[PDB]
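**Student:** The structure's right below; bear with me while I get my questions together.
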Amino acid sequence: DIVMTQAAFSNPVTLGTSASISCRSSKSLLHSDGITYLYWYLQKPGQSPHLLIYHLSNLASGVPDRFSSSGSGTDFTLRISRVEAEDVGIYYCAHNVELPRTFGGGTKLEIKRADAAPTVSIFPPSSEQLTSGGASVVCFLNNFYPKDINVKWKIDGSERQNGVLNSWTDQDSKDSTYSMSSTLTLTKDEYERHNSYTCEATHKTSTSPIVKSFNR
Amino acid sequence: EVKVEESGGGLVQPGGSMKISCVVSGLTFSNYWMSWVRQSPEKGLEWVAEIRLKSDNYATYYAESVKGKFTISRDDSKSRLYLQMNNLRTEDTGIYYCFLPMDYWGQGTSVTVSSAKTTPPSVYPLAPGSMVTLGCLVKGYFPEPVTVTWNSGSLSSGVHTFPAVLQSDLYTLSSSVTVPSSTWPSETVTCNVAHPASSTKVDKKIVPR
């Protein structure tokens, strides 16, 4: 057994500047043949892992020379010299000196970009869902930065808390933004006892929330 | 070039068995070591089994976490790798990848070990009450995953799909698409949802309200 240790996160990195990801091993990966058997893999959001670096410092075919790696038998550093939006993902270290083959826990690269307000869209229940006896009200809070955000629901003006489920995307590979969906799920019966439905998005880009509403 | 493609995943009950496989093209399969690596949120990437070559008498190796329960095998004539999995537990849930050490990974096949029953999704259009944002709500399914595309995968820019959230043994997710208002509703926007576990394929056209 070898334990590969890396930090779950790194400091957000501005586009066009350098990132540095560290790893260490519980045992030397420097072989008697002179090779340090340390590998780096990248897993971009929604994708499989792909080989970036092998034998400590050698770039895999197609990998840009913005990527470089160095290290001893036990301490290693991946450098990305001029980070692009496409580089976000989880970077894993691994050894090739024994079985079991073991991996680090992965370090997520985050891109720091300019603050962006969300674009908010509210959606009434579909007639299909209503036919089935259900009523989900959906609010998208799209393409904002930074990741922190809050959503509040109101029904006929009063704050509603329960029945709400939230989900957040990973950082986007093209525009370095985040998005969130908030879904308020009611029975048809309860939905049709109220007329006005509102979602309010609060983000650091304004001291006022962005408010979207419809009337049933 | 090299293509690694897994199949056979699905749902099975605790204590049950499943056999998954993958076929490799773009190299001479019989000359490569083959392994299975699984991924879950709580445990990360975990190598579980490996098989060597004919010349090594197809020597096999297993993680301690699964030895006794998994059997790895290969058919060099079909370029196909297998993993037979017995007495599966819920902790064995995850995405199983073929990994040809050290250079190649497959696409993954999802294996869910659970006493909950497979349930197909209900797909609902999200249409509004320069640009317009539409969506699809995919509700009430089990197990993961689903795939959501727009206009059969053609409409790819301005799309994101939110991670599924589990409540009460069922998953819900939604997908967002943003297009110029000159393009919808003058031309069609359709979300395509596939839940292989229930063998369901649904197209839902987004029509203005």
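By order of appearance in the structure tokens: chains A, B, ..., then residues from 1 within every chain, and ligands from 1 in the order shown.
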Quick check: residues of chain B within 10 Å of chain A, only C-alpha atoms, returned as a PyMOL selection string.

**Tutor:** chain B and resi 35+37+43-50+61-64+97+99+101-108+122-129+132-137+139+157-158+160-167+172-176+178+209

**Student:** Would you kindly return, as a ChimeraX atom specification, each protein, DNA or RNA residue with an atom no farther than 7 Å from any atom of residue 201 in chain A, considering only C-alpha atoms and excluding same-chain residues fewer than 5 positions away?

**Tutor:** /A:150-152,209-211

**Student:** Taking N, CA, C and O atoms for each residue, export the selection above as an mmCIF file, in the first residue's frame.

**Tutor:**
```
data_model
loop_
_atom_site.group_PDB
_atom_site.id
_atom_site.type_symbol
_atom_site.label_atom_id
_atom_site.label_comp_id
_atom_site.auth_asym_id
_atom_site.auth_seq_id
_atom_site.Cartn_x
_atom_site.Cartn_y
_atom_site.Cartn_z
ATOM 1 N N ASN A 150 -27.852 32.800 -2.819
ATOM 2 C CA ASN A 150 -29.024 32.417 -2.039
ATOM 3 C C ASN A 150 -30.313 32.641 -2.807
ATOM 4 O O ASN A 150 -30.445 33.600 -3.554
ATOM 5 N N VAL A 151 -31.263 31.735 -2.613
ATOM 6 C CA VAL A 151 -32.548 31.820 -3.275
ATOM 7 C C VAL A 151 -33.620 31.778 -2.209
ATOM 8 O O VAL A 151 -33.511 31.006 -1.264
ATOM 9 N N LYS A 152 -34.616 32.628 -2.363
ATOM 10 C CA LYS A 152 -35.796 32.621 -1.537
ATOM 11 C C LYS A 152 -37.060 32.527 -2.391
ATOM 12 O O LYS A 152 -37.187 33.210 -3.413
ATOM 13 N N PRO A 209 -32.028 41.878 -4.276
ATOM 14 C CA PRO A 209 -32.241 40.630 -5.002
ATOM 15 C C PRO A 209 -32.832 40.839 -6.400
ATOM 16 O O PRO A 209 -33.486 41.866 -6.664
ATOM 17 N N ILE A 210 -32.600 39.860 -7.276
ATOM 18 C CA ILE A 210 -33.244 39.772 -8.578
ATOM 19 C C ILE A 210 -34.506 38.955 -8.396
ATOM 20 O O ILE A 210 -34.437 37.839 -7.899
ATOM 21 N N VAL A 211 -35.643 39.526 -8.756
ATOM 22 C CA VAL A 211 -36.945 38.948 -8.434
ATOM 23 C C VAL A 211 -37.657 38.549 -9.731
ATOM 24 O O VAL A 211 -37.781 39.354 -10.651
#
```

**Student:** Skip residue 195 in chain B itself and residues of its chain fewer than 5 positions away, then list as a short mmCIF file (atom, residue, chain, number, x, y, z; two decimals) with N, CA, C and O atoms, in the first residue's frame all residues within 9 Å of it, counting only C-alpha atoms.

**Tutor:**
```
data_model
loop_
_atom_site.label_atom_id
_atom_site.label_comp_id
_atom_site.auth_asym_id
_atom_site.auth_seq_id
_atom_site.Cartn_x
_atom_site.Cartn_y
_atom_site.Cartn_z
N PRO B 120 -38.86 4.82 -14.02
CA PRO B 120 -38.54 5.72 -15.15
C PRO B 120 -38.85 7.18 -14.86
O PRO B 120 -39.76 7.49 -14.07
N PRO B 121 -38.12 8.09 -15.51
CA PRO B 121 -38.38 9.52 -15.32
C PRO B 121 -39.68 10.01 -15.95
O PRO B 121 -40.17 9.43 -16.95
N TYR B 141 -37.12 9.52 -10.94
CA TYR B 141 -36.45 8.31 -11.45
C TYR B 141 -35.47 7.68 -10.46
O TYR B 141 -34.99 8.29 -9.53
N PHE B 142 -35.19 6.41 -10.71
CA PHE B 142 -34.19 5.66 -9.99
C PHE B 142 -33.78 4.46 -10.83
O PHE B 142 -34.61 3.88 -11.53
N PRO B 143 -32.46 4.10 -10.84
CA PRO B 143 -31.33 4.80 -10.26
C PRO B 143 -30.81 5.86 -11.25
O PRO B 143 -31.37 6.00 -12.32
N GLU B 144 -29.79 6.60 -10.86
CA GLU B 144 -28.95 7.32 -11.81
C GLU B 144 -28.27 6.33 -12.74
O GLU B 144 -28.09 5.14 -12.40
N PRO B 145 -27.88 6.78 -13.94
CA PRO B 145 -27.95 8.13 -14.46
C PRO B 145 -29.07 8.31 -15.44
O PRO B 145 -29.73 7.33 -15.85
N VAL B 146 -29.29 9.56 -15.84
CA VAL B 146 -29.99 9.87 -17.07
C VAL B 146 -29.03 10.66 -17.96
O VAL B 146 -28.07 11.22 -17.46
N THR B 147 -29.29 10.67 -19.25
CA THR B 147 -28.64 11.63 -20.15
C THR B 147 -29.67 12.54 -20.76
O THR B 147 -30.75 12.11 -21.17
N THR B 200 -35.96 3.69 -21.25
CA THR B 200 -36.86 4.75 -21.59
C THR B 200 -36.10 5.76 -22.44
O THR B 200 -34.92 6.03 -22.20
N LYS B 201 -36.79 6.26 -23.46
CA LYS B 201 -36.29 7.31 -24.35
C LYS B 201 -37.46 8.22 -24.58
O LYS B 201 -38.50 7.80 -25.10
N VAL B 202 -37.33 9.47 -24.14
CA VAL B 202 -38.41 10.40 -24.24
C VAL B 202 -37.91 11.66 -24.91
O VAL B 202 -36.86 12.17 -24.57
#
```

**Student:** Go ahead and compute the interatomic distance for CA of residue 19 in chain B and CA of residue 59 in chain B, in Å to one decimal.

**Tutor:** 19.4 Å

**Student:** I need the residues of range 12-185 of chain A that end up classed as helix (DSSP H, G or I) by DSSP on the backbone, written out as JSON, numbers by chain.

**Tutor:** {"A": [85, 86, 87, 127, 128, 129, 130, 131, 132]}

**Student:** Keeping only C-alpha atoms, write those residues as an mmCIF file, in the first residue's frame.

**Tutor:**
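Result file selection_8.cif:
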```cif
data_model
loop_
_atom_site.group_PDB
_atom_site.id
_atom_site.type_symbol
_atom_site.label_atom_id
_atom_site.label_comp_id
_atom_site.auth_asym_id
_atom_site.auth_seq_id
_atom_site.Cartn_x
_atom_site.Cartn_y
_atom_site.Cartn_z
ATOM 1 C CA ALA A 85 -10.974 28.151 -18.735
ATOM 2 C CA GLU A 86 -10.815 24.657 -20.296
ATOM 3 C CA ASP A 87 -8.331 23.539 -17.617
ATOM 4 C CA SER A 127 -49.824 21.008 -18.093
ATOM 5 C CA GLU A 128 -48.396 17.443 -18.210
ATOM 6 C CA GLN A 129 -47.275 17.608 -14.609
ATOM 7 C CA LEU A 130 -50.598 19.150 -13.590
ATOM 8 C CA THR A 131 -52.468 16.289 -15.307
ATOM 9 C CA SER A 132 -50.428 13.871 -13.192
#
```

**Student:** What does the distance between CA of residue 71 in chain B and CA of residue 96 in chain B come to in Å, to one decimal place?

**Tutor:**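 One can read the CA of residue 71 in chain B to CA of residue 96 in chain B distance as 14.0 Å.
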
**Student:** Per DSSP on the backbone, filter range 23-208 of chain B down to the residues in strand (DSSP E or B) and report them as a PyMOL selection string.

**Tutor:** chain B and resi 23-25+34-40+44-51+60-62+70-75+80-85+94-100+104-105+109-113+119+122-126+131-142+147-150+159-161+165-167+170-180+190-195+200-205

**Student:** With distances taken over only C-alpha atoms, which of B:27, B:111, B:206, B:83 is nearest to residue 189 in chain B?

**Tutor:** B:206

**Student:** What lies within 10 Å of residue 189 in chain A using only C-alpha atoms, ignoring chain neighbours under 6 positions off, as a PyMOL selection string?

**Tutor:** chain A and resi 130+133-135

**Student:** Do you have the CA of residue 100 in chain B-CA of residue 27 in chain A distance handy?

**Tutor:**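 Computing it gives 23.4 Å between the two atoms.
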
**Student:** Could you list, as an NGL selection string, every residue within 8 Å of residue 16 in chain A, counting only C-alpha atoms and ignoring same-chain residues fewer than 2 positions away?

**Tutor:** :A and (14 or 18 or 81-84)
